[PDB]
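So you know, we letter chains A, B, ... as the sequences are listed, proteins then strands, and number each from 1.
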Amino acid sequence: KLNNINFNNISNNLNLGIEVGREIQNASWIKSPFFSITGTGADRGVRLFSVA
Amino acid sequence: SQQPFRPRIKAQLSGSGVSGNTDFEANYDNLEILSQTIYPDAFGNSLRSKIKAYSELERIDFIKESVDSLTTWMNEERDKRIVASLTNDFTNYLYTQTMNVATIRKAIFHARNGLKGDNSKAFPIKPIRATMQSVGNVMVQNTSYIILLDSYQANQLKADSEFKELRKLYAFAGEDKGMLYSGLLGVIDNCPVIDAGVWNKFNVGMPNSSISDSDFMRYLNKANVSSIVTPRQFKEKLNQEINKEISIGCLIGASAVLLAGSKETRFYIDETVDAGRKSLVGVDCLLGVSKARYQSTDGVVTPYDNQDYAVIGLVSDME
Amino acid sequence: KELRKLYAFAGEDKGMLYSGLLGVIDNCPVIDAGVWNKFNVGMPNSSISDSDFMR
Amino acid sequence: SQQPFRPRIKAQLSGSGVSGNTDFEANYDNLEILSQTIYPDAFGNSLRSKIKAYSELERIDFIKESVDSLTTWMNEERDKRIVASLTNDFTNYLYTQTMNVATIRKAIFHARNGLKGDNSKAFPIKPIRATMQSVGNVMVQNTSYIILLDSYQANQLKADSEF
Amino acid sequence: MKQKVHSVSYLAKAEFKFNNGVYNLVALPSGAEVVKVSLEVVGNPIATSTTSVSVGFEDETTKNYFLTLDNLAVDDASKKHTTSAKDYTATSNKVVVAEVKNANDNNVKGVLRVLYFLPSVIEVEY
Amino acid sequence: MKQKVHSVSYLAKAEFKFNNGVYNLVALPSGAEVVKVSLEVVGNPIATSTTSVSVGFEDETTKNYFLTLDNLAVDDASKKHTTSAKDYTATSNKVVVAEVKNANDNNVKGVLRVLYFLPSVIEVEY
């Protein structure tokens with residue numbers, strides 16, 4: 001076992017240093033159609049009552 | 001310093017939380033962070049000329065022609081890598097016997113909410129664009145993905161009754177002026193539908209189960225991927241449920257494929273072959289291509305764990 | 001479909017089929033709210049467990 | 001100086017190339033040039049007249065009438081050269097019982113993607129025109145060919161529901 | 001008298017330890033012209049030995065396309081070295097492997113040498 | 001598929017006129033991969049000419065590592081050319097020689113062609 005085929009992709013190259021992404025990007029993007037219904041006026045579909 | 005790149009995503013919380021007076025520690029939430037590593041790959045091609053007297057005899061300008069040819073070969077290798085990584089082992093896909101607008105809609109809202117072909121609950125796919133529009137007085141957000149169909153699939157979609165209905169509607173309305181005339185597919189549900197071609201030996205297109213395993217596999221990095229399901233193996237998988245070849249398209253959202261490094265190419269012109277008579281023109285590239293597919297950093301099972309981040313497969317019988 | 005055709009003749013609810021939306025039906029806007037999953041809010045369905053809803 | 005003409009096309013490169021550290025000489029590509037040779041052909045027609053006495057008798061201006069009819073003949077015969085060479089020995093074709101827009105769409109798809117009627121592989125036929133057009137924001141390349149049907153196929157197409 | 005010839009040539013050499021199993025020995029590119037495949041057994045195979053070696057391809061079920069080699073302890077002269085009688089143009093990327101079975105020997109080794117030409121071609125005039 | 005292969009090869013031809021003695025024919029460097037050794041008899045060996053040649057190394061006592069030709073006139077056709085069955089890796093600078101004895105002939109000559117690869121390797125990925 002001296003000169004056999006090594007199936008070692010470039011991930012097994014000890015000259016490469018990995019670089020980690022500069023920012024962790026967020027996997028959350030969705031907005032829902034409820035912030036616009038909600039309100040204080042009596043006409044709103046979801047009415048907020050101010051209660052001290 | 002085009003080292004292997006590691007981008008990371010922050011999963012979002014799905015925990016029950018804690019009720020009225022129970023303590024936080026009774027149900028902590030996990031801050032699951034996921035990562036991928038994109039290793040580069042080196043590939044290139046060369047052209048050796050004839051003797052100088054023979055090139056000016058046959059009136060072939062070898063440097064010009066070889067640079068042009070190698071530029072084209074290089075662009076096609078790049079895109080074939082992007083598409084091969086984009087189309088192996090779909091974790092999420094829909095199979096239909098003939099492409100139609102119903103299946104494109106199914107895919108678009110499967111991506112909008114997060115669902116799988118078995119009507120499961122995966123994760124919402126981030127779109128290429130997402131805007132706040134106003135229906136009457138309610139602010140909704142509408143998404144725009146990119147649907148890359150195979151040309152057999154675009155030909156199936158053109159002969160679809162509801163697609164003709166929708167083109168009639170657009171005509172009465174007047175927005176996609178010049179798509180049905182120009183043979184294009186236009187926008188369906190805010191999402192541009194594109195005939196992306198057919199994969200052949202000369203240029204890139206959406207693959208099909210007619211391609212050979214080795215011919216498809218020589219375009220995967222094999223350090224950037226975990227498993228490998230070629231279109232032929234994917235056809236065998238879908239066959240376990242008759243002898244029809246399949247055709248593959250993709251709904252893609254933002255960052256479905258990640259390119260690390262420098263997609264620029266290098267040209268090596270050696271005018272010193274055979275003491276200066278002959279000539280060599282080489283073109284080389286080092287590029288990391290990977291389908292966006294993040295793995296759990298520590299150990300945790302998560303909807304994002306071994307799943308295509310922004311790719312739904314769209315499989316139809318190529319006929 | 002035929003109501004969208006009528007709207008297009010009249011030219012009133014512009015964009016609510018090129019954008020995938022649903023628009024207004026009888027003065028009242030129709031809205032795709034989404035699907036209820038473990039991640040964000042949508043309209044519920046019978047698939048949800050009783051306990052998960054009652055929470 | 002209308003000699004036999006020889007035009008040439010540069011074939012598109014294929015072939016694996018080299019990967020990793022393998023040097024270029026392990027897989028040289030072939031810059032392949034294809035040529036055709038077109039040889040000219042002489043053809044013509046002629047009209048002879050009757051005796052001068054008969055031409056003036058029947059008040060036939062022979063030079064004029066003969067010239068315009070021979071012009072029409074020359075036009076038709078050049079066009080028939082073109083059509084015969086165009087229709088000889090199809091290497092790639094589609095058959096159908098009746099001409100419908102399904103088959104025309106299939107033919108445009110086949111031409112743009114280098115497919116044969118049996119889905120075998122070929123090269124993408126170059127179009128009369130090609131353009132970059134934006135759909136949403138994706139730039140697509142649309143192609144215009146030319147479809148030449150006869151009268152019977154044009155009828156079969158007009159009797160098509162999809163048409 | 002024009003022709004197209006292969007000007008680039010490689011020799012791959014690989015050792016395996018004559019245990020049981022298969023060994024991924026030689027990596028052939030596509031279109032490569034294999035002109036020599038030779039196996040040399042370095043060692044003293046004891047008498048009463050069943051060790052059998054077979055050099056071939058991995059993609060084929062039986063791994064004995066190129067060479068077979070049995071009875072290593074019978075006339076140590078025609079079993080020490082064995083060259084393949086077959087040439088081969090690689091239609092695709094290939095893996096020349098060697099499969100060994102019934103191995104009942106110690107410190108016996110195999111050196112495989114594969115001389116093959118690369119798929120490149122140049123035009124030659126004579 | 002990574003591997004390391006020799007890319008440089010030399011053919012060395014030498015001729016010797018079949019007298020008695022040894023002849024320093026081929027020079028091998030350390031690490032050379034002898035992939036072919038062949039000996040060709042140019043001439044018409046006499047009937048009952050019991051001359052005998054053997055090709056091997058000079059540092060070994062019996063110079064018959066590669067080839068041995070006896071009875072050069074019985075099956076002349078199969079005796080014109082003989083190829084060695086062995087492949088060799090030179091661990092030091094070697095000298096391939098031919099020892100020819102019992103030489104009782106005239107005009108008979110030998111040509112030894114030795115094809116060997118050089119010690120250099122390059123890394124090839126397929």
*Asks:* I need the B:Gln2 CD to B:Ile38 CD1 distance, nearest 0.5 Å.
*Replies:*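 Taking CD in B:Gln2 and CD1 in B:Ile38, the distance rounds to 14.0 Å.
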*Asks:* Could you check whether any side-chain N or O of B:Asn200 sits under 3.5 Å from a backbone N or O of D:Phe123, counting only pairs where one atom can act as donor and the other as acceptor?
*Replies:*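 It does not hold such a pair.
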*Asks:* What I'd like to find out is whether the side chain of E:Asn93 reaches to under 4.5 Å of the side chain of E:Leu28, using heavy atoms alone.
*Replies:*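 Not touching, per the 4.5 Å side-chain cut-off.
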*Asks:* Any chance CZ of B:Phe267 has more than 12 other-residue heavy atoms, nucleotides or ligands included, within less than 6.0 Å?
*Replies:*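 Yes - once you tally the heavy atoms of other residues, nucleotides and ligands closer than 6.0 Å, there are more than 12.
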*Asks:* Could you tell me whether the side chain of B:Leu251 reaches within less than 4.5 Å of the side chain of B:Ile108, counting heavy atoms only?
*Replies:*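 Of all side-chain heavy-atom pairs linking B:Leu251 with B:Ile108, at least one is under 4.5 Å.
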*Asks:* For residues 146-157 of chain B, which residue pairs pass the salt bridge (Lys or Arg N to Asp or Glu O under 4.0 Å) check, not counting sequence neighbours?
*Replies:*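 Passing the test, one end in residues 146-157 of chain B: no pairs.
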*Asks:* Do E:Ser120 and D:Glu25 have side-chain atoms, one donor and one acceptor, less than 3.5 Å apart?
*Replies:*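 Note: E:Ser120 and D:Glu25 side chains miss the donor-acceptor criterion.
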*Asks:* Among side-chain atoms of D:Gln12 and B:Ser69, is any donor-acceptor pair under 3.5 angstrom?
*Replies:*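 D:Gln12 vs B:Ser69: no donor-acceptor pair found between side chains.
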*Asks:* For the residue pair E:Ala27 and E:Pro29, what are the closest heavy atoms and their distance?
*Replies:*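 Looks like O-CD, 3.7 Å.
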*Asks:* State, yes or no, whether a side-chain contact exists between B:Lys201 and B:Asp215 at a heavy-atom distance under 4.5 Å.
*Replies:*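 No, too far: nothing below the 4.5 Å cut-off.
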*Asks:* With under 30° as parallel and over 60° as perpendicular, where do the rings of E:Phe66 and E:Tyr88 fit, or are they tilted in between?
*Replies:*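 E:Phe66 vs E:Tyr88 ring planes: perpendicular.
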*Asks:* Give a yes-or-no answer on whether the side chains of B:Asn208 and B:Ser247 include a donor-acceptor pair shorter than 3.5 Å.
*Replies:*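 No donor-acceptor contact under 3.5 Å links the two side chains.
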*Asks:* Looking at residues at least two apart in the chain, or sitting in another chain, which of them share a salt bridge (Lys or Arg N to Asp or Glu O under 4.0 Å) with B:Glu245?
*Replies:*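 If we apply the salt bridge (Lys or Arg N to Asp or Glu O under 4.0 Å) test to B:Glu245, skipping adjacent residues, the hits are B:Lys235.
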*Asks:* If you take all heavy atoms of D:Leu115 and D:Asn92, which pair is closest and at what distance?
*Replies:*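 Scanning both residues completely, I find the closest heavy atoms to be O-ND2, 3.4 Å.
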*Asks:* Taking atom NZ of B:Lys158 as the centre, report whether more than 12 heavy atoms of other residues, nucleotides or ligands fall under 6.0 Å from it.
*Replies:*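 Yes, the 6.0 Å shell around NZ holds more than 12 heavy atoms from other groups.
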*Asks:* Is the distance from the ring center of E:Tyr10 to that of E:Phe117 below 6.0 Å?
*Replies:*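 So the answer is no for these two rings.
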*Asks:* So, B:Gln307 versus B:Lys116: side-chain donor-acceptor pair below 3.5 Å or not?
*Replies:*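 Yes - a donor-acceptor pair under 3.5 Å links their side chains.
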*Asks:* Within the 4.5 Å heavy-atom criterion, are E:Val100 and E:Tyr23 side-chain neighbours or not?
*Replies:*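 Yes. Closest side-chain heavy atoms under 4.5 Å.
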*Asks:* For D:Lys126, I'd like to know if atom NZ has over 12 heavy atoms of other residues, nucleotides or ligands within 6.0 Å.
*Replies:*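 Open: at most 12 neighbouring heavy atoms sit under 6.0 Å from NZ of D:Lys126.
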*Asks:* Test of understanding: with salt bridge (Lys or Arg N to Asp or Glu O under 4.0 Å), list the residues that count as partners of B:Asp317, not counting sequence neighbours.
*Replies:*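 Counting only residues at least two positions away or on another chain, B:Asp317 forms a salt bridge (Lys or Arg N to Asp or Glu O under 4.0 Å) with B:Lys244.
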*Asks:* We want to know whether B:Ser151 and D:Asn113 form a side-chain donor-acceptor pair, criterion being a heavy-atom distance below 3.5 angstrom.
*Replies:*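 A donor-acceptor contact under 3.5 Å links the two side chains.
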*Asks:* Tell me if the NZ atom of B:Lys263 is crowded by more than 12 foreign heavy atoms within 6.0 Å.
*Replies:*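 Open: at most 12 neighbouring heavy atoms sit under 6.0 Å from NZ of B:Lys263.
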*Asks:* Does any non-hydrogen side-chain atom of B:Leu149 lie less than 4.5 Å from one of B:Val193?
*Replies:*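 In contact.
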*Asks:* List for me each residue that meets salt bridge (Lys or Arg N to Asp or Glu O under 4.0 Å) alongside B:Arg293, sequence neighbours excluded, and say none if there are none.
*Replies:*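 With neighbours one apart ignored, the set is B:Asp89, B:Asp308.
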*Asks:* Give a yes or no on this: more than 12 heavy atoms of other residues, nucleotides or ligands lie within 6.0 Å of atom NZ of B:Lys10.
*Replies:*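 No, the 6.0 Å shell around NZ holds no more than 12 heavy atoms from other groups.
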*Asks:* Using every non-hydrogen atom in the two residues, find where B:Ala154 and B:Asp195 come nearest and quote the distance to one decimal.
*Replies:*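 Closest heavy-atom pair between B:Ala154 and B:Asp195: CB-CG, 3.7 Å.
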*Asks:* side-chain contact (heavy atoms from CB on, under 4.5 Å) with B:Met74: which of B:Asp79, B:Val283, B:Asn45?
*Replies:*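 So the option named by the test is B:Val283.
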*Asks:* For residues B:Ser35 and B:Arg6, report the shortest heavy-atom separation together with the two atoms involved.
*Replies:*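 Heavy-atom minimum between the residues: CB-CG, 4.0 Å.
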*Asks:* Give the ring-plane orientation class for E:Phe57 versus E:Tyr65, where under 30° counts as parallel, over 60° as perpendicular and anything between as tilted.
*Replies:*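 Judged by the thresholds at 30° and 60°, the geometry between E:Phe57 and E:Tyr65 is tilted.
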*Asks:* Report yes if some heavy atom in the side chain of D:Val18 is under 4.5 Å from a heavy atom in the side chain of B:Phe43; otherwise report no.
*Replies:*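 A side-chain contact is absent here, since even the closest heavy-atom pair is not under 4.5 Å.
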*Asks:* Side chains of B:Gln233 and B:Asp213: any donor to acceptor distance under 3.5 Å?
*Replies:*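 Yes, a side-chain donor-acceptor pair sits under 3.5 Å.
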*Asks:* When you look at CG of B:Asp298, are more than 12 heavy atoms from neighbouring residues, nucleotides or ligands closer to it than 6.0 Å?
*Replies:*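 Yes - once you tally the heavy atoms of other residues, nucleotides and ligands closer than 6.0 Å, there are more than 12.
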*Asks:* Ignoring hydrogens and geometry beyond distance, is a side-chain donor-acceptor pair present between B:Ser316 and B:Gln153 at under 3.5 Å?
*Replies:*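 On atom types as modelled, these side chains qualify, holding a pair under 3.5 Å.
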*Asks:* If you define the side chain from C-beta out and look only at heavy atoms, does anything of B:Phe90 sit under 4.5 Å from B:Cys250?
*Replies:*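 Yes, at least one pair of side-chain atoms sits under 4.5 Å.
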*Asks:* Can you tell me which residue pairs pass the salt bridge (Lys or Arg N to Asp or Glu O under 4.0 Å) test with a partner in residues 8-20 of chain A, sequence neighbours excluded?
*Replies:*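 Applying salt bridge (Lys or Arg N to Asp or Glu O under 4.0 Å) to every pair that reaches into residues 8-20 of chain A, excluding sequence neighbours, yields nothing.
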*Asks:* I'd like to know if B:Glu76 pairs up with B:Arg78 as an ion pair, taking the criterion as any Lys NZ or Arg NE/NH1/NH2 lying under 4.0 Å from an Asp or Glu carboxylate oxygen.
*Replies:*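 Between B:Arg78 and B:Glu76 there is no salt bridge, as every charged N stays at least 4.0 Å from the carboxylate O atoms.
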*Asks:* Just say parallel, tilted or perpendicular for the rings of F:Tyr126 and E:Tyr116, cut-offs at 30° and 60°.
*Replies:*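 Ring orientation of F:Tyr126 relative to E:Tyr116: perpendicular.
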*Asks:* Taking all atoms of both residues into account, what is the closest heavy-atom pair of B:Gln36 and B:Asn224, and its distance?
*Replies:*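 The answer is NE2-O, 4.0 Å.
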*Asks:* Please name the pair of heavy atoms, one in D:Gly117 and one in D:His110, separated by the smallest distance, quoted to 0.1 Å.
*Replies:*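 Closest approach of D:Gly117 to D:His110, heavy atoms only: CA-CE1, 3.8 Å.
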*Asks:* Are any non-hydrogen side-chain atoms of D:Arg112 and D:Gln141 less than 4.5 angstrom apart?
*Replies:*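 In short, these two side chains touch, coming nearer than 4.5 Å.
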*Asks:* Test of understanding: with salt bridge (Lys or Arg N to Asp or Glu O under 4.0 Å), list the residues that count as partners of E:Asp87, not counting sequence neighbours.
*Replies:*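 Applying salt bridge (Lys or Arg N to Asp or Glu O under 4.0 Å) to E:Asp87 gives none.
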*Asks:* Looking only at side-chain N and O atoms, does B:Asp305 offer a donor or acceptor that is under 3.5 Å from a partner on B:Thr302?
*Replies:*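 The answer is no; no qualifying pair exists.
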*Asks:* Yes or no on side-chain contact (heavy atoms from CB on, under 4.5 Å) for B:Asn88 and B:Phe216, after CA distance, side-chain angles and deciding distance?
*Replies:* CA-CA 9 Å; B:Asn88 67 330; B:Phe216 184 83; 4.0 Å; yes
*Asks:* Indicate the ring-plane relationship of B:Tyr309 and B:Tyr304, choosing parallel, tilted or perpendicular according to the 30° and 60° boundaries.
*Replies:*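 B:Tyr309 vs B:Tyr304 ring planes: tilted.
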*Asks:* List the steps and the verdict of side-chain contact (heavy atoms from CB on, under 4.5 Å) for B:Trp199 and B:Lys80.
*Replies:* CA-CA 8 Å; B:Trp199 179 296; B:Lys80 281 208 196 203; 3.4 Å; yes
*Asks:* Output, in order, the C-alpha distance, side-chain angles, deciding distance and verdict of ring pair (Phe, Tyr, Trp, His ring centres under 6.0 Å) for B:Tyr152 and D:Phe109.
*Replies:* CA-CA 8 Å; B:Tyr152 300 81; D:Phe109 149 61; 4.7 Å; yes
